[PDB]
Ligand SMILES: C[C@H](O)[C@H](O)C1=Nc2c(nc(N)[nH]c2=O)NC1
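Presented as structure tokens, the chain that follows is alone, the form solved without the ligand.
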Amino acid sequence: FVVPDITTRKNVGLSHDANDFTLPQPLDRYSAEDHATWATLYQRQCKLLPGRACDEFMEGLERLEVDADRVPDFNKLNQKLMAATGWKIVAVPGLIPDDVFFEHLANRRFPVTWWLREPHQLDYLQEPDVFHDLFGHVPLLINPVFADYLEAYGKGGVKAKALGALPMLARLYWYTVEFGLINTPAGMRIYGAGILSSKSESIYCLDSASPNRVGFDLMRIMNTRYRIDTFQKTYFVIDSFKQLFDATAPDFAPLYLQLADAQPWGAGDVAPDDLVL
């Protein structure tokens, strides 16, 4: 039997743009259950993340006044975000086409799935939801270096699309914005949204001897596969957000062509030139 997935179920009776896929955030659709689920997830992460999340992330939560007790009003959040870095969040139905996603980031709009996981899915949801997209991704947009990195990433979509290289950019996004670590004098910390919204990947990625922690390298990352349904086997570590922005400086086109005829590293592989931490 095939049943409708959660994205389909949540969006019944709603619409979105055929070209850019946004909709007004549907506040009427959040039930008391949703606000309680949000509050529980927020509480859970706020207990776990001190000393694990990077300090910029924690400060972003407070500066943006992300509600602890209810799903946030995107419009209210935007007032603070816009004044900080000129970015805004836009509501989308769920996963959107790549070219639309890049056009959004290139224009300083960050797409956020509007709906929330059901209470029985508190521990984990496969598809992004509003807790992962808002709590996980948005606080760092207050940081001008990180915000400029996302904008530069977005701007690179047109070239990647023209060259059949969108999956190579997707690897960069996955291993930085979703699953990145940052080294600090206080020790390793987390900036990746997929880790920051997780029940326990925050514990594994810093505490476990199992995953590889490898120094950031652009070419290596764009040649590295990832899986979506397990903890990461490798995490890439930056020294500063400036390193990410600076990595977007060169022309990616010759990098894409050289990678196009390479075999990619598996998610668990250690490459010969890896700086292993």
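Throughout, we count residues from 1 along the sequence that is shown.
Omitted here: the form deposited with the ligand bound. The next part is about that form.
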Practice prompt. Please state whether all three residues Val92, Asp98 and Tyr173 have a non-hydrogen atom within 4.5 angstroms of the ligand in the deposited complex.
Written response: yes
Which of 115-123, 80-88, 98-106, 194-202 lies within 4.5 Å of the ligand in the deposited complex, heavy atoms considered? The stretch 98-106
Taking the ligand as it sits in the deposited complex, is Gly180 near enough to touch it, meaning that at least one heavy atom pair lies within 4.5 angstroms? no
Is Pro139 a contact residue for the ligand in the deposited complex, using a 4.5 Å heavy atom cut-off? no
_My question is simply whether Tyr153 lines the interface with the ligand in the deposited complex - judged by any non-hydrogen atom within 4.5 Å._
yes
When the ligand is considered in the deposited complex, the residues of 118-132 having a heavy atom within 4.5 Å of it are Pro128
